[PDB]
Amino acid sequence: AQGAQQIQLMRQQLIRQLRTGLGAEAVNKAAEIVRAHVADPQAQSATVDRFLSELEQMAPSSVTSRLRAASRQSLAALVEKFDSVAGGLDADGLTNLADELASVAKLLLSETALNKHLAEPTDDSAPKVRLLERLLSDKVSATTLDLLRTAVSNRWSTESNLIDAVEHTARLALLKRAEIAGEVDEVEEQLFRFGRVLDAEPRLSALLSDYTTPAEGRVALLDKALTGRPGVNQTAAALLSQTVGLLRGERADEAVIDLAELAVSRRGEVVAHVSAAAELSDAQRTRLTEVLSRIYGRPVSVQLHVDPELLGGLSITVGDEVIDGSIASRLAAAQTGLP
Amino acid sequence: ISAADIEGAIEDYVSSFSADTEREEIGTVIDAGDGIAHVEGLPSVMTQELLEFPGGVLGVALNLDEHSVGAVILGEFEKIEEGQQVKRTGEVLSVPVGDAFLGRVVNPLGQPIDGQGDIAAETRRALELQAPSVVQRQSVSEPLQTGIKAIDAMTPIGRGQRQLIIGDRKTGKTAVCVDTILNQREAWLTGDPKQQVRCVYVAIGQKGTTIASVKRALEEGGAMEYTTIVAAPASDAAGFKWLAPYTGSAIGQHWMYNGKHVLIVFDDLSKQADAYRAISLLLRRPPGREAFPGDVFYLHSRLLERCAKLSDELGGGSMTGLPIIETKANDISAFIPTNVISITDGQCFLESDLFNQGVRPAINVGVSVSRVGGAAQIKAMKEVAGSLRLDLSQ
Amino acid sequence: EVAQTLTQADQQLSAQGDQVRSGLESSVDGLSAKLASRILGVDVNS
Amino acid sequence: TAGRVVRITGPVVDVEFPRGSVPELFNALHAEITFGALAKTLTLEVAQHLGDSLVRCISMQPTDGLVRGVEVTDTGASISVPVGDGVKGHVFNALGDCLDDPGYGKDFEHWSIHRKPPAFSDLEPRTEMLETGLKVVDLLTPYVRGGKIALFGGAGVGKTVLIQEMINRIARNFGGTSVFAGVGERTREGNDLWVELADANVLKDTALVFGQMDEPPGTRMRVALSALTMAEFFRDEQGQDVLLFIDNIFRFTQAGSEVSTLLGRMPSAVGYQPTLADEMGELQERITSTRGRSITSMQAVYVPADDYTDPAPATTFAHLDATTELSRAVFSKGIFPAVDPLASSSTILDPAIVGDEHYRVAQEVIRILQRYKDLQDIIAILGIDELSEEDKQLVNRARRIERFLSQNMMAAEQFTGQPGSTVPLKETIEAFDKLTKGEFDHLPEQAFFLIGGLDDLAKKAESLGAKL
Amino acid sequence: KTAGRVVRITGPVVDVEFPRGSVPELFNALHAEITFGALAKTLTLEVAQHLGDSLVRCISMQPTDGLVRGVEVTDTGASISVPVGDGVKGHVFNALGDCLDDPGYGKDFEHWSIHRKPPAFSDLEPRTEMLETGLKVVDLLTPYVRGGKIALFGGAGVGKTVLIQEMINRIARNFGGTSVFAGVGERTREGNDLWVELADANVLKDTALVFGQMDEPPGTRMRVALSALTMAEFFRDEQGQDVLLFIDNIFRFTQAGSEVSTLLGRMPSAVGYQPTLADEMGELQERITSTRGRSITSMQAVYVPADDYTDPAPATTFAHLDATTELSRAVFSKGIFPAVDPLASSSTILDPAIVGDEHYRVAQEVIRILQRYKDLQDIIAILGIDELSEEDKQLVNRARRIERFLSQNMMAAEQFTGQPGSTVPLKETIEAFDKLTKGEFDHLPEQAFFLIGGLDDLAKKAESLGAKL
Ligand SMILES: Nc1ncnc2c1ncn2[C@@H]1O[C@H](COP(=O)(O)OP(=O)(O)OP(=O)(O)O)[C@@H](O)[C@H]1O
Ligand SMILES: Nc1ncnc2c1ncn2[C@@H]1O[C@H](COP(=O)(O)OP(=O)(O)OP(=O)(O)O)[C@@H](O)[C@H]1O
Ligand SMILES: Nc1ncnc2c1ncn2[C@@H]1O[C@H](COP(=O)(O)OP(=O)(O)O)[C@@H](O)[C@H]1O
Ligand SMILES: [Mg+2]
Ligand SMILES: [Mg+2]
Ligand SMILES: [Mg+2]
């Protein structure tokens with residue numbers, strides 16, 4: 001009986017080796033034909049259209065984050081206060097407000113004790129407001145003083161949250177003046193491009209991403225290298241320069257990405273990064289924007305990172321969720337999916 | 001050998017191929033090393049969820065904090081790198097289970113390692129389904145004959161009982177367990193599932209050639225027909241060594257809950273405890289006695305409590321446990337031996353001194369006991385061996 | 001006798017497997033084409 | 001107002017609540033595990049206020065499948081269990097859920113399991129012997145009615161068998177209520193006890209509360225409190241005599257130590273929580289009779305690695321009126337119950353309470369056994385022939401005495417096939433007086449092994465050819 | 001460019017910062033430069049952990065003295081590799097593959113990474129062919145396995161190295177295959193002595209020697225075993241040649257791992273050892289193994305710290321062996337060489353199925369007699385032998401003669417005592433110990449059995465003492 005069982009096992013093993021060889025050869029030939037058929041750009045467009053159709057067949061998703069609940073609520077109050085205040089302000093007034101707020105943020109960062117005292121949550125904010133007025137009632141303008149008194153009056157989980165909130169308000173003012181001008185799309189594109197170029201040059205970001213050196217020096221380096229160029233948008237330039245100036249142990253590339261996210265979010269949209277093998281057509285871009293907005297409810301802006309290794313389809317990452325329609329993923333699944 | 005079958009199968013697979021897209025929640029590796037990784041993201045990951053790393057590597061989410069997820073890599077962690085993308089699987093750690101696992105050698109994830117192709121899994125079972133309650137069991141009443149007089153007469157083992165085989169190295173522990181597995185050959189040949197016993201041999205931290213020797217011994221005696229080996233050799237990551245007993249327990253539980261009688265051998269839980277301690281230390285959890293984590297007793301208590309005797313309302317299935325524990329210099333007072341002795345339903349304690357005297361199996365009669373007693377014996381054995389153990393102690 | 005039967009069967013099955021493999025060499029093209037059709041989502045004649 | 005899970009690490013969960021809605025300590029919170037395989041409702045118990053509106057909590061159920069950020073609901077009160085006469089005859093878990101009849105007792109009055117011990121002014125020492133019919137216990141470790149009794153021992157020395165024997169001997173004829181608390185012990189043992197109580201018809205008077213060793217640390221920490229809450233209701237409210245059986249009370253301490261470091265507590269000696277004695281006192285001081293209200297409590301105490309100097313048993317010792325200490329040496333000799341006569345003790349073993357004859361006989365037995373223990377190594381090395389005639393006579397007497405302290409126990413039949421016996425206290429005192437006087441030195445020592453009273457001794461001696 | 005820079009130095013451990021996307025893989029080799037005068041060199045760092053923020057913690061193979069923060073670190077793109085081929089035989093290498101006896105040799109050879117997975121489980125086959133050494137105690141009570149794994153445990157100075165030399169003489173001398181010796185954290189002068197001895201005996205032409213000795217950083221002392229094992233693996237898997245692999249001392253590999261773990265910031269396990277102790281040991285040991293048709297006979301000396309056999313290192317090592325000779329301080333004190341503890345040593349092939357019924361019976365009777373003598377030691381230490389029964393007195397005399405007859409004049413012991421060694425055929429050993437266990441030599445004096453070979457030597461020594469066999 002043992003001999004018979006061994007013979008049967010040998011037979012099954014031979015069948016298994018033959019099946020594995022056949023499947024391996026078939027899947028390799030499938031990979032070859034796929035890579036050959038995707039060469040035609042029309043094939044790429046057809047695959048992209050099919051994936052888009054799959055998206056329209058998909059159900060919508062059920063759905064600053066690092067801030068705690070208390071600090072998040074405080075920052076929400078601060079931003080709505082700024083939104084109410086900024087209605088009457090103008091372009092030059094908004095620029096002055098942003099500059100003053102950045103100056104105050106660097107003052108707090110440099111002077112740790114004052115920020116510490118100013119950050120402790122307290123039921124009554126009157127002492128904090130008095131402290132602000134005695135400190136910088138005349139140094140800054142009325143709007144800046146009002147925003148700062150609002151910021152202190154609220155509750156911050158940690159002291160650094162106050163500096164974060166002031167910097168957020170400065171960026172808010174810069175984006176508001178950009179919107180008033182009408183270059184919102186231009187500033188978004190420029191910020192995304194700056195993020196891309198910083199990502200391409202990690203060493204430049206690392207050099208810029210240190211606060212061990214004077215802020216003015218690194219701002220000048222940024223101006224000479226990237227920001228000081230003929231086509232760079234003025235508002236994007238100032239925003240990035242102030243952000244690098246106020247850096248506190250963060251990489252310049254990550255800060256730029258966060259800035260772009262905030263700029264797009266001000267309009268109420270969400271950034272989605274879409275990787276494709278070939279550049280999308282304008283009809284394709286519009287269809288993708290529409291279907292992604294439908295899936296996530298609120299509208300989304302689309303960033304393209306062409307990568308030939310996708311071999312068609314799209315890989316859409318947004319809000320920590322990835323939809324991977326790339327043909328390369330299908331090929332990998334087929335390779336690993338064999339019996 | 002029918003080629004048409006080969007084609008048919010390949011065509012069936014290709015037609016069944018549907019790599020349809022779906023929405024997935026991702027995270028990013030931020031640091032990794034020594035079989036541990038930390039993952040930012042995964043906002044909806046659930047405790048002890050299986051995570052997919054690039055290259056087919058699997059991990060398990062153990063620590064969940066506001067910042068990251070501390071995960072244990074289950075094999076082949078040298079490819080894990082910072083910045084890699086980690087996928088959710090949306091399901092707690094679980095293994096395939098089915099009758100096809102009989103005669104196979106699998107790793108703690110149920111993947112075959114005997115090089116005999118895939119295993120047709122009846123279904124999947126989560127590894128942390130709780131043990132039967134007080135009301136879901138019935139008293140141990142059926143003997144599980146080991147074929148060894150010293151055990152069957154003095155420390156009888158019933159179906160649904162946990163009997164600890166504890167002793168120094170080379171005292172005959174594996175011999176006792178393998179003999180017990182082999183003794184079920186007649187019960188299997190009967191063909192009656194009320195009599196058949198399906199055996200699961202879990203090898204934790206054992207040398208590969210040692211596991212091969214055990215498998216060969218089982219083959220020669222015909223046991224390999226009704227036996228499954230869950231192998232976590234010494235070369236494996238601490239994740240597999242920690243996880244193997246639970247994999248074997250899940251495989252056995254699938255049969256137990258369907259009216260079958262199962263016998264599971266854990267060879268041995270000392271190495272599982274060491275692997276769990278290594279994982280906990282690498283996760284930087286606060287250690288306890290002998291650097292073991294605080295919940296090292298819980299590790300074995302929840303494992304060995306799944307070996308039960310189900311009531312008739314649940315099919316009357318059973319799973320008998322034969323955990324093995326290695327003592328050092330005959331110190332049953334060490335932390336892990338004392339933990340396990342307080343869990344199982346008795347122990348067979350083996351001595352180097354008795355072994356060298358020619359007393360083989362080297363059961364220390366005075367200290368070895370069965371907590372089921374006469375209920376785990378047939379009437380004749382009870383009548384003849386009524387007070388044999390007490391007489392030998394005297 | 002078990003060993004003798006085992007070696008005889010090993011030779012016989014090796015020959016049978018080799019010749020069935022040679023026979024089925026042909027269908028690999030159709031297999032690959034149809035799998036590629038499945039992958040792309042649209043039939044590929046090649 | 002609801003909180004959200006922030007950190008999950010084994011059985012310990014950190015929960016963040018909105019300011020002003022932080023639950024009080026020991027409050028029960030509820031979280032949901034929605035995963036299909038492990039779908040359940042976790043009960044968490046607030047353990048610490050971490051500050052910043054965070055609370056550290058211990059899960060009563062396994063946390064596998066729990067997700068960060070899920071809603072956590074505060075019940076506003078501590079864990080509470082049903083109380084009343086309806087608990088009798090039923091099996092409950094640590095949370096008050098009926099196991100043999102799910103949904104039963106949900107309409108009963110529910111008492112919080114956290115409670116202060118009786119006021120010191122209501123504490124009256126108990127000095128009344130509770131006869132059991134076990135020779136060794138009745139002679140050397142007489143139990144106290146309304147007192148605190150413990151069975152100390154290492155793993156597998158006979159604590160559970162002795163608890164079952166005492167349930168048979170004491171609770172069966174008991175006129176009041178019995179409460180059994182399985183604390184971190186074997187589920188199979190719980191099933192056996194349930195079935196045995198049903199068979200003896202004792203179950204209708206008994207409330208069983210089980211949290212077994214497969215349960216997480218929180219359940220093992222709170223099951224004893226649940227059972228003690230039921231017993232406290234029967235004592236204070238119903239005004240009836242209560243039997244309280246606990247097996248094993250060491251599991252409460254062990255479960256406390258399992259999560260101690262995850263709670264941020266620096267370890268104490270031997271890997272125990274710093275608050276060993278405090279938690280043990282909080283639990284034990286509730287296990288007491290008050291003036292006119294009686295709880296006869298019997299606790300099994302596991303001694304880790306047979307080490308009676310281990311911090312847990314050493315701390316537990318002070319809380320007991322009577323202690324029967326089982327020994328691995330006695331066990332391995334084959335004597336059962338494996339009591340250590342020289343180590344066990346009872347606060348009522350003095351002439352005033354038990355009488356001059358009982359006290360004198362017990363003291364003489366202890367003296368003979370102590371001398372035999374001193375001579376054991378001399379006999380081992382130099383042999384018994386080198387002892388004096390007095391020492392040889394003492395050794396013969398001591399061997400017979402130690403054998404006669406063993407008894408065929410009612411609950412040990414399954415381990416020996418021999419039915420058990422009960423020896424009245426008067427007979428025990430008389431027989432051991434005779435033994436200490438040397439009136440049975442003519443019988444083989446084997447005649448004294450696992451028998452009842454003097455009649456059993458005579459019969460077994462006859463079977464061996466001797467005459468009594 | 002893409003080179004990292006040193007950010008932290010804590011002895012042998014170095015933290016290196018790389019640009020994003022250029023973080024080296026685990027176990028990759030990286031090169032740094034120490035430029036200080038007397039210590040100028042190139043450091044090889046093995047990546048050990050990814051710390052996040054594009055930082056890698058690495059273990060240096062050479063001492064880091066003189067290294068500066070911020071110096072450029074270059075990624076080789078692969079792991080440490082060593083030369084392989086027939087060319088390695090007859091030459092001495094260090095952990096990194098550099099030839100010591102002839103610098104520059106082997107640079108053109110095929111190079112294999114020192115990190116690889118163990119053989120697939122399906123390729124493992126148990127080995128049970130007895131390896132006859134000619135030592136009475138080994139052949140009788142702990143028969144070695146050809147193609148299996150043998151270990152020699154022992155505290156400080158009990159004879160592990162001398163026994164390794166003995167086994168090199170008895171096995172590697174007339175060996176048709178290749179031999180690989182891995183000196184792991186042992187005396188350097190012992191390595192020089194082994195080199196010279198192998199050259200004198202003409203065995204060096206068939207042997208590859210790899211040394212990472214005591215005065216090496218822990219990284220080298222924990223990777224040299226991998227390097228030698230890689231050469232052995234090449235010989236096993238590429239040339240199909242029977243391989244001998246001597247390792248001395250593997251506990252030093254464990255000890256270096258513990259030191260590295262301490263430097264790497266890992267939380268210590270029991271007795272201060274690394275948490276990954278069993279995992280590292282298993283990863284190393286499972287590579288040392290025969291496969292189907294490919295034989296590696298490996299013999300490892302294991303140091304036991306403070307004579308403590310329950311120390312975690314040897315305790316975890318025990319599971320990876322087919323044969324385990326345990327050298328005892330007490331036996332060594334008695335003057336018995338080899339100082340083997342016959343009761344604590346074991347062999348997986350010492351069963352009646354493999355070694356035959358008579359071999360097994362004689363071994364079991366010897367073990368029983370020695371166990372009874374061990375039991376009676378408690379009485380004998382106080383009262384001597386004269387308080388025992390006649391049966392026990394006879395057994396004790398027999399046991400003392402047996403324990404003396406298990407000693408032997410070893411070939412490698414000549415340098416110490418000047419007495420040439422002896423070889424005892426297994427059949428003669430079984431016959432002689434059968435005669436002893438039956439009391440056929442009880443009349444001979446005890447010293448007649450001390451440091452001799454077979455029964456002829458027993459007769460000659462007994463006659464020289466005064467008793468006739
Ligand atoms: N009843 C027996 N009679 C004789 N020899 C036996 C007996 N049981 C085991 N042996 C032998 O004793 C040795 C040890 O047996 P075994 O491998 O089962 O022990 P172990 O405690 O599991 O060992 P290890 O520490 O290697 O895991 C082996 O040679 C085995 O053949
Ligand atoms: N067979 C033998 N005959 C005589 N003397 C011996 C023998 N074996 C060892 N010795 C003595 O013991 C000394 C130590 O031997 P050896 O170096 O082999 O021990 P070891 O266990 O490897 O030591 P260490 O822990 O120092 O590495 C030898 O130098 C010699 O003095
Ligand atoms: N009176 C007795 N007679 C015979 N055997 C006993 C007796 N008491 C205990 N034993 C044996 O010792 C074992 C341990 O008893 P148990 O009380 O269940 O363990 P523990 O002391 O750990 O609670 C029992 O299963 C039984 O086999
Ligand atoms: Mg074993
Ligand atoms: Mg018990
Ligand atoms: Mg040495």
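Proteins get letters first, then strands, A, B, ... in listed order; numbering begins at 1 in each. All values below come from the heavy atoms of this structure, side chains included, with hydrogens, waters and symmetry mates left out.
When all heavy atoms are compared, the tightest approach of B:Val176 to B:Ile151 is CG1-CD1, 3.7 Å. E:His443 and E:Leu469 make their closest contact through NE2-CA, 4.5 Å (heavy atoms, listed as atom of the first residue, atom of the second, distance). Heavy-atom minimum distance, E:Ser328 versus E:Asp341: CB-CB, 3.8 Å. Between B:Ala385 and B:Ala153, the shortest heavy-atom contact is CB-O, 3.7 Å. The two residues E:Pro445 and E:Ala467 have their closest heavy-atom pair at CD-CB, 3.5 Å. For the residue pair B:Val365 and B:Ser393, the shortest heavy atom distance occurs at CG1-N, 4.4 Å.
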- [ ] Run the numbers on E:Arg170 and E:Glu166 for salt bridge (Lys or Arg N to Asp or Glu O under 4.0 Å), then give the verdict.
- [x] CA-CA 6 Å; E:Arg170 289 174 177 290; E:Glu166 180 75 357; 2.4 Å; yes
- [ ] Apply side-chain hydrogen bond (donor to acceptor under 3.5 Å, both in side chains) to the pair E:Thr297 and E:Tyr144, showing each step before the final yes or no.
- [x] CA-CA 9 Å; E:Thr297 312; E:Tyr144 289 176; over 6 Å; no
- [ ] For the pair E:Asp322 and B:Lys207, evaluate salt bridge (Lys or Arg N to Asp or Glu O under 4.0 Å) and give the outcome as yes or no after the intermediate values.
- [x] CA-CA 10 Å; E:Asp322 302 285; B:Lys207 180 176 61 160; 2.7 Å; yes
Task: Derivation and outcome, salt bridge (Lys or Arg N to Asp or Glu O under 4.0 Å), residues E:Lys438 and E:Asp434 - done: CA-CA 6 Å; E:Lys438 280 153 182 207; E:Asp434 200 24; 3.5 Å; yes
TODO: Applying side-chain hydrogen bond (donor to acceptor under 3.5 Å, both in side chains), run through D:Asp374 and D:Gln370 and close with a yes or a no.
DONE: CA-CA 6 Å; D:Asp374 300 338; D:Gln370 180 63 40; 3.1 Å; yes
TODO: Check the pair E:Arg404 / E:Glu446 against salt bridge (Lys or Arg N to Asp or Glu O under 4.0 Å), numbers first and verdict last.
DONE: CA-CA 7 Å; E:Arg404 271 150 193 71; E:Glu446 283 180 359; 3.6 Å; yes
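A donor and an acceptor atom, one from each side chain of E:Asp392 and E:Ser389, are located under 3.5 Å apart. For the residue pair E:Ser422/E:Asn409, the side-chain donor-acceptor check at 3.5 Å is satisfied. In summary, the side chains of B:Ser333 and D:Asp307 do not present any donor paired with an acceptor at a separation below 3.5 Å, with no hydrogens or angles considered. Using modelled atom types and a 3.5 Å distance limit, the side chains of B:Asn330 and B:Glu351 yield a donor-acceptor pair. Checking E:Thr429 against E:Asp139 by side-chain atom types alone, no donor-acceptor pair falls below 3.5 Å.
Residues D:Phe449 and B:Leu390 are in side-chain contact: their nearest non-hydrogen atoms beyond the backbone lie under 4.5 Å apart. Residues E:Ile369 and E:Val366 fail the side-chain proximity criterion, which asks for heavy atoms closer than 4.5 Å.
When atom types are taken as modelled, the side chain of D:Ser332 and the backbone of B:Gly366 share no donor-acceptor pair closer than 3.5 angstrom. For E:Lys136 (side chain) and E:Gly453 (main-chain N/O), a donor-acceptor pair under 3.5 Å exists by modelled atom type. In this structure, E:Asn249 contributes its side chain and E:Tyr303 its backbone to a donor-acceptor pair below 3.5 Å.
A salt bridge is absent between E:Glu431 and E:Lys427; no separation between the charged side-chain nitrogens and carboxylate oxygens falls under 4.0 Å. By the 4.0 Å N-to-carboxylate-O rule, D:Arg397 lies close enough to D:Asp441 to be salt-bridged with it.
Between E:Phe153 and E:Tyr309, the two ring planes are tilted [angle within 30° to 60°]. Ring geometry, D:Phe448 versus D:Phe404: the interplanar angle exceeds 60°, so the pair is classed perpendicular (tilted spans 30 to 60°).
Note that OG of E:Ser347 is 10.5 Å distant from CG of E:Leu131, once rounded to the nearest 0.5 Å. To the nearest 0.5 Å, atoms OG (E:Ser346) and CZ (E:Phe318) are separated by 7.5 Å. Of the inter-residue distances, the one linking E:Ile367 atom CD1 with E:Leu343 atom CG reads 7.5 Å to the nearest 0.5 angstrom. Remark: B:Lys173 NZ to B:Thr327 OG1 distance equals 7.0 Å, nearest 0.5 Å. Atom OG1 in E:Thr161 sits 4.0 Å away from atom CG in E:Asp248 (nearest 0.5 Å). Atom CG of residue D:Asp385 and atom NZ of residue D:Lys392 lie 4.5 Å apart, to the nearest 0.5 angstrom.
Taking the six-membered ring for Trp, D:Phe336 and D:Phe331 have ring centres closer than 6.0 Å.
For B:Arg360 and B:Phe355, the positive end sits near the middle of the six-membered ring, less than 6.0 Å away and at most 45° from its axis.
When the salt bridge (charged side-chain N to carboxylate O under 4.0 Å, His left out) test is applied to D:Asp306, the partners found at least two apart in sequence or on another chain are D:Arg328.
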